[PDB]
Amino acid sequence: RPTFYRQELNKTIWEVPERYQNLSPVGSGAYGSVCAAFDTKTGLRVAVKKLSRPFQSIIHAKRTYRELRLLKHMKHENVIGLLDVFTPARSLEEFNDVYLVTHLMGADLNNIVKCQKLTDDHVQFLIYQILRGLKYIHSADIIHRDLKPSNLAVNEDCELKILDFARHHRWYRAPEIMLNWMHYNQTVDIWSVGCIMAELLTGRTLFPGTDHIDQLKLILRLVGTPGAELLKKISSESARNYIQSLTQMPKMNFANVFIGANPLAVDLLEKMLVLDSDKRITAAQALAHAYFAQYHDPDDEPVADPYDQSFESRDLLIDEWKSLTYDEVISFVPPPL
Ligand SMILES: CC(C)Cn1ncc2cc(Cc3ccc(F)cc3F)c(C(=O)NCCN(C)C)cc21
Ligand SMILES: Fc1ccc(-c2n[nH]cc2-c2ccncc2)cc1
Numbered sequence: 005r006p007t008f009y010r011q012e013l014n015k016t017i018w019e020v021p022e023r024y025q026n027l028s029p030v031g032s033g034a035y036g037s038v039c040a041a042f043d044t045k046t047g048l049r050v051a052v053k054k055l056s057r058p059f060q061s062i063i064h065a066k067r068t069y070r071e072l073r074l075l076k077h078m079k080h081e082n083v084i085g086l087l088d089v090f091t092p093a094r095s096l097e098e099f100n101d102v103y104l105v106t107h108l109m110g111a112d113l114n115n116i117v118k119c120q121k122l123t124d125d126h127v128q129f130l131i132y133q134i135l136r137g138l139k140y141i142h143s144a145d146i147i148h149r150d151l152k153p154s155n156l157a158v159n160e161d162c163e164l165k166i167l168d169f170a171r172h173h186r187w188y189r190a191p192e193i194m195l196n197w198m199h200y201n202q203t204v205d206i207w208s209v210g211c212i213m214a215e216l217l218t219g220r221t222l223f224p225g226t227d228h229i230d231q232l233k234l235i236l237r238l239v240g241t242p243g244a245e246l247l248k249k250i251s252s253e254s255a256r257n258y259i260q261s262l263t264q265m266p267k268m269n270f271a272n273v274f275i276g277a278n279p280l281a282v283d284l285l286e287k288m289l290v291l292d293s294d295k296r297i298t299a300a301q302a303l304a305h306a307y308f309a310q311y312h313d314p315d316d317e318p319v320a321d322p323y324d325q326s327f328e329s330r331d332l333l334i335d336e337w338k339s340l341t342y343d344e345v346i347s348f349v350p351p352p353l
């Protein structure tokens, strides 16, 4: 066991091993508190997240267990991974805090898009990496659910990583969630990617809606009201009525909306921003799209080992979720240096 040291940043107490030095806050919220730090054992700059009240309730305890399982499983260049997880506690009895460690990235995508407009080649490489990481995540039957510029981090090399999965198990959310459809599939993420790609090409949020209703009407204005094939798939009575009563609007021509953009980019957006989720393009299929010929390599777009999410359906006590989390802390194995 290593030796810990203690200090106060903002109003948070931080107890971490000596190897992590020069902690400086990065931000805080419901997710907990994040600090940038230097790892003397490896020489890397790292990001340390201290979970907030990890075992204060059953919802928190399960959430803590969920995040740790996910991060321990992700082993992919475009997905955030676990460098280390530790607790200052020496036993299950005193186990009360969990810290997570990962490589520090240069900036989030929301600090690039507004600082600069992106060339078509940059958009190619950035979107390509998101999809490469999404293919991996989706191969494990995991849905991110909250893909958005602030959840994508980039290095000065333009290397990208997907961060902070939505622990749910807004301008970027698929319309079937605005309609509250409880059976949305993994292509909800592909919709998010489409809204992101469009924003990089134009510099403007594609669907800057003020609420759920306003959001949907901005989406239908671009992709048009749903056809009869999609009408036949809606079970909700209120939804069906709301949609059949809206003044009908045609699908606009993306080539005209996105004038001057690479025609291969326009084509990909049209395959991503499809209202009917069954017809939306998949991450695996989008990687083979001609827009990414510069970067596509079918022997270097790997898939993930099978991920067991059976715990999601379990109804346990706080002490049981806590103990299961402790087990995952102890059995952690750092990645090969
Ligand atoms: C913006 C730069 C600091 C780039 N950067 N690089 C790595 C990294 C990790 C995090 C969060 C995080 C996740 C796993 C982990 F084990 C340790 C962690 F710290 C955050 C962050 O602060 N996320 C806040 C939550 N928001 C986005 C919803 C930011 C990160
Ligand atoms: F206006 C819309 C927008 C999106 C959808 C939709 N796309 N994929 C699945 C659905 C959907 C929505 C609600 N109920 C069932 C299915 C249906 C109508």
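Count the sequence shown with PDB author numbering and you get residues 5 to 173, 186 to 353, in order.
Each residue gets a CB set at the ideal place from its N, CA and C atoms; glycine is no exception.
Any contact of the region 50 to 59 with the region 98 to 118, i.e. 3+ C-beta pairs under 8 Å?
yes
Since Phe274 and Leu289 should fall inside the 8 Å C-beta cutoff, what is the C-beta to C-beta distance between them, to a whole number of angstroms?
Not confirmed; about 11 Å, so no contact.
In the DSSP assignment, find the alpha helix (DSSP H) that holds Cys39 and state where it starts and stops.
Where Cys39 is concerned, there is no enclosing alpha helix (DSSP H), although the beta strand (DSSP E) it sits in stretches over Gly36 to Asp43.
For residue 374, I'd like the list of residues in its chain whose CB is within less than 6 Å of its CB, leaving aside the five on either flank, ordered along the chain.
The displayed coordinates of the chain run from 5 to 353. Any statement about residue 374 would go beyond what the structure contains.
Can you check the region 292 to 340 for any alpha helix (DSSP H) of at least 4 residues that lies completely inside it and give the ranges in chain order?
299 to 303
Is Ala214 near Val158, with beta carbons less than 8 Å apart?
no
Starting from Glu19, follow its DSSP beta bridges and name the residues at the other end.
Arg10
Any heavy atom of ligand 1 within a distance shorter than 7 Å of the CB on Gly240?
Result no, Cβ not under 7 Å from ligand 1.
Our contact map puts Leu138 next to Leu156 with C-beta atoms below 8 Å; I'd like the distance itself, whole angstroms only.
Going by Cβ atoms, the distance from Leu138 to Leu156 rounds to 11 Å, so no, they are not a contact pair.
Please list the terminal residues of the continuous alpha helix (DSSP H) segment that includes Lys287.
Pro279 to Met288
Taking the alpha carbon of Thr298 as the reference point, which residue from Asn257, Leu164 and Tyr132 has its own alpha carbon closest?
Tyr132
I need the DSSP call for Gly219, collapsed to helix, strand or coil.
coil
Let me check one thing: in DSSP terms, what residues is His172 bridge-paired to?
Answer is none; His172 lacks a bridge partner.
With distances taken Cα to Cα, identify the nearest neighbour of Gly276 among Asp124, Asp294 and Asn257.
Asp124
Taking DSSP as the reference, what is the three-state secondary structure of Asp125?
Looking at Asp125 - three-state DSSP - the assignment turns out to be helix.
Any contact of the region 17 to 36 with the region 89 to 103, i.e. 3+ C-beta pairs under 8 Å?
yes
Can you give me the Cβ contacts of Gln231 inside the same chain, cut-off strictly under 7 Å, excluding the 5 residues immediately before and after it?
Excluding residues up to 5 positions away in sequence, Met194, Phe223 and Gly225 lie with their Cβ nearer than 7 Å to the Cβ of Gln231 in the same chain.
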